[PDB]
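To start, the structure under review is shown below, and the notes come after it.
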Amino acid sequence: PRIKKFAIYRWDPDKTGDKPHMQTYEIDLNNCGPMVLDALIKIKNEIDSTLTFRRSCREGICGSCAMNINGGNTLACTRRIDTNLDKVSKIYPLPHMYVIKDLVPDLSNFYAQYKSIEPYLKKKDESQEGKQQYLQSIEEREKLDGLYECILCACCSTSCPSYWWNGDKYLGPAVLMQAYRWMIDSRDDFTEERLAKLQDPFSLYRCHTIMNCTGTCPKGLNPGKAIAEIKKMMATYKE
Amino acid sequence: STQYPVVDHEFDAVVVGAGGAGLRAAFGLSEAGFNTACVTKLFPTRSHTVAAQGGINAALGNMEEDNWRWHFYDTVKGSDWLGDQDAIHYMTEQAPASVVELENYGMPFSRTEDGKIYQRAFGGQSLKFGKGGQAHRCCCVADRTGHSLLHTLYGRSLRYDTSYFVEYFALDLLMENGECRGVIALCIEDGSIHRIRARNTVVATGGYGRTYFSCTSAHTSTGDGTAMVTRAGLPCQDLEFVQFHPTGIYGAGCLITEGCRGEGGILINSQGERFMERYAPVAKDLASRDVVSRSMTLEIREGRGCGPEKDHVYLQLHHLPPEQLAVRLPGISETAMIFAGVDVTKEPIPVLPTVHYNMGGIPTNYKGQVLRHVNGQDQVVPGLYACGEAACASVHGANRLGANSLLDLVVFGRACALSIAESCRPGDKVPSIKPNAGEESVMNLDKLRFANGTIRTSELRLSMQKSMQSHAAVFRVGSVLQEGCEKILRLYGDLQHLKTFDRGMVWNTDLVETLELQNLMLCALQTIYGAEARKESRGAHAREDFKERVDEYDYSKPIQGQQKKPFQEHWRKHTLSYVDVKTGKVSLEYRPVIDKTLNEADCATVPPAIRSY
Amino acid sequence: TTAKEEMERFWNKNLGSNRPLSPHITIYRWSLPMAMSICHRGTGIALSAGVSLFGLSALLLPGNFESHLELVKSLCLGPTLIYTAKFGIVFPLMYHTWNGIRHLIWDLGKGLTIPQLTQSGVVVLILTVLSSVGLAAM
Amino acid sequence: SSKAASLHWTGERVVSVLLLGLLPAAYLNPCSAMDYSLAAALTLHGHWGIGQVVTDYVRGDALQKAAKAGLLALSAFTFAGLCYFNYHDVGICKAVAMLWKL
Ligand SMILES: *Cc1cc2c(cc1C)nc1c(=O)[nH]c(=O)nc-1n2C[C@H](O)[C@H](O)[C@H](O)COP(=O)(O)OP(=O)(O)OC[C@H]1O[C@@H](n2cnc3c(N)ncnc32)[C@H](O)[C@@H]1O
Ligand code: HEM
Ligand SMILES: O=C(Nc1cccc(Oc2c(F)c(F)c(F)c(F)c2F)c1)c1ccccc1C(F)(F)F
Ligand code: SF4
Ligand code: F3S
Ligand code: FES
């Protein structure tokens, strides 16, 4: 029987004048799943049911369980526990975010920024919609690979230090990549004014190529490359 | 009761559930011009529709020239003649219309040399009414088709002034004198209780896969709208019909798509033989979901296992070209790498039949209106609609055909919106609710918040999941089902002896998972009682004792030179089940299936026949 | 509700509540890309402060540059300490120059993958040492 | 919709490659004409560099207005200091040359 230690961030808004602290739980790795989420569920079921976290698919394709494990930001159902018992796994919520309770952060600002970029097809004339299928050639379709797979786990944006200092005015890796997605979507006629929307110091130009977004992405996507690719389009469009 | 703050909201239409079906109904209502409020316990993106990997069926005719009426025949043949043909007509005709609608919204569909949407071969489908070989009509965005569907529905839903109640757990329906008035909902975010009254209400809460121990469904797929309907004294249809998807990973119970089998994937047992040619001759490993899984679960009973305890079968993707897997099936290539710890291009993936889809649910006509059973007849419940997995327009019948559920979402979600737009106008009188209404739903919540018993939430949940897994499996006999029935009945009595720990208002997961447990149990009772009473083998429901397919006529031999069986004698009928919440007693009755189509001249009614692909 | 309203209601709820901000720098995993970007800011500020203190001294301080060089030879001549102060000037300059090229290569779109980033990061780190020692002794 | 933030970004990259090209140009060809061009590029790139640091850390409009104005005064003083040094005194090319061989 192998016993693993888990130190987890804890805060209760209902407790009178409570200060944020850490709490350690002991778990047998033979009667538990391989992933960190399985361990969190195990202590939820038996040890401590006060623990509060986001979870859904346990598959790594919904983005609910996004959190900070032993440093980086990854999905808890994708990251497997280190079998090395000599280390204590420290579990935190996403960095620089308002904690609602324990590992649950407020992502309201994150979703709100995603709305401001308009993530839907905009045609110049929509009198022929709902009847025709828009043609997109195989080569033009390939330009979406790496962009559409985004799950909105918010790991990349919350890994950005420039998002910690300016989380109100800087859109962040996740939202910025989706702007780019709808830019080269050759079915979208509104590519120009989408770029004109980023014509302020903060929206796009708070990026300084720190590359913490690309490194932490649990889906293996490259947000940083996409932001730099926008920057080029921004300098190369007329009228 | 003086403790909880009641905040009343007023709207034109409420859509409980923000999945694939929920979104199409939500934004479609505001597209018509309704003051629409969407309630959801998850964020719209996190909904279980992201897990969808296969595709969405449409008879566009992109690979080979296609007709939609063949897709009609395939679905009703797959439904084992329990599917209501009026609904199947509407879905298969609106199939090319809805997919074109989704592609125009922004769905990044895979493409061919022609530049059109890429369709693929899938299990259950055939050309020329089951005569012209294999059919290719499964529209897909590589392998993240359902994920991309939910994203391009969400993105498009921000174009309209739809109000969203993100992370709001819907408790019960606001009901007065057999008329729907809205919903009472708990806000997980702070702990408050909100009564959201509207002239119409759409229930799209998805399936109840969490009732079992092993399933491909999410931790949130507990099927609560089904229980909300149940607690109102309304019936639930065909809840015994639980689809066991053949290809699910042995480890965590995750799903790998039928698209694996569609491209040219083969199922291999310990002998090395292609064992799916042994059972199914014409269709082979690309047949109905109940056919393939039935072979798999029987191969284990013999002793032909392939694991450390001889309990699972193998799915092989070794022979397929490496470039085919990288382009067409990348979503399953990465998920099988993590959970199974096994490569896709050289090594085979361990598969096991697991709980996947619930064709049963809330009784529904083709328009999307919720039906109740009065005097052996069908009555429409005023202002109550249902679409998606939680609904049961019985477009799937006894067995769902692959890649039809995403179609079920988009078509019937839209149909729910169109039915409201015609029956009433935006700005019509919103029915006033009683001041002391829904207080019993709050009283129920207050007990579980301060629950002090002997069994915990998790322990009683485990006792339910394991009991359903061992008893109500793929094969089930009367003696086994009856022991399970009284075992599930005992656990419902134990729901008064439950112990809780968290007393907080803000984010009480210890409380909401117990709210889910009450709703899971109610969905478990009707599943097990409906299964034990049904003395036939039809689709997914297979009795070892009665392997006979009982219809009105014996359709195996010539027709009309034959005696027609009475209604309470055969078993080609829907299972409507009520359950008294107070004592936990199941009382069930039956209603006939709809054979007529919407137009006989345009689409012929397909009579029951010998079913084997 | 609009996208601008959603943000405005976000800050009014959180700033007027007893919610704690989640630890970030205190716990986040240190990496080379993150550390090398901080040094570019560090050297950037230090170099500007050096230039500014050179321009302002030309206006607000008496005596010509030749008189200041004769003033430099105060505490002996500095055996190898004259090399150390000369290394302390060229070291932050050379890091910023080589790392600045890497930034300029990035703005073209090249070398923005994790394997490429760790590689070209060492290339900048090694060139800094060789160019600084190479110019200090001249 | 005049694109100002994009041209500023382009302006940053143009003066960066210019200053990178002016360092070998000053070493290979050290003259009075090279002194002013190096002084112009050095003070411009520096001013725009700090401008990014200011817009990242200085929170709120209350202190941001004084920070950009306070920087602009320092940048003008720095450029004027170098132009005085190049015209009257030794010159920044020969100044390094004398400092290095000590
Ligand atoms: C499990 C599964 C299913 C699946 C699939 C792959 C997997 C792993 N792949 C499919 C495919 O390729 N093609 C296809 O046609 N179907 C496929 N399926 C089946 C299908 O995806 C499901 O039937 C579908 O996901 C159901 O969608 P629906 O919109 O009807 O339901 P949902 O997506 O699960 O959303 C439910 C929402 O309800 C909200 N909500 C709000 N309040 C509550 C309460 N109180 N209780 C429960 N739910 C509530 C939730 O927030 C959720 O968003
Ligand atoms: C000739 C060699 C140099 C090159 C190639 C260069 C290039 C660059 C570039 C491209 C940036 C912007 C990074 C970005 O945000 O994308 C930068 C930053 C900066 N540089 Fe330079 N530079 C050089 C020399 C200098 C010098 C001599 C100074 C001092 C006066 C200086 C001061 C700064 C400052 C203050 C910043 C701000 C840091 C930041 O970008 O956040 N640079 N450098
Ligand atoms: O400072 C930048 N990164 C950054 C990343 C991580 C931490 C950080 O603070 C520091 C720091 F550095 C230290 F040494 C400390 F001891 C310390 F206690 C900090 F809190 C700054 C940065 C670098 C380049 C461009 C833009 C930035 C920007 F925008 F501000 F994010
Ligand atoms: S780009 Fe990656 S890290 Fe960022 S939100 Fe999307 S999946 Fe998450
Ligand atoms: S982590 Fe942040 S700085 Fe830019 S490339 Fe990155 S968004
Ligand atoms: S829970 Fe779906 S991503 Fe971890």
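Residue 1 is the first one shown; counting continues down the chain.
In case you wondered, yes, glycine gets a Cβ from its N, Cα and C as well.
Swiss-Prot assigns C:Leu81 and C:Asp107 to topological domains bearing different names, which places them on different sides of the membrane. Helix, strand and coil counts from DSSP across the topological domain 'Mitochondrial matrix' (C:107-113) read 0 helix, 0 strand, 7 coil. Listed in sequence order, C:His40, C:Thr43, C:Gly44, C:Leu47 are the same-chain residues at least 6 apart in sequence whose CB falls under 8 Å from the CB of C:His96 (heme b binding site). Only residues 6 or more beyond the boundaries of the topological domain 'Mitochondrial matrix' (C:107-113), in the same chain, are considered here, and those with a CB under 8 A from a CB of the stretch are 120. In three-state terms derived from DSSP, C:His96 (heme b binding site) belongs to a helical segment.
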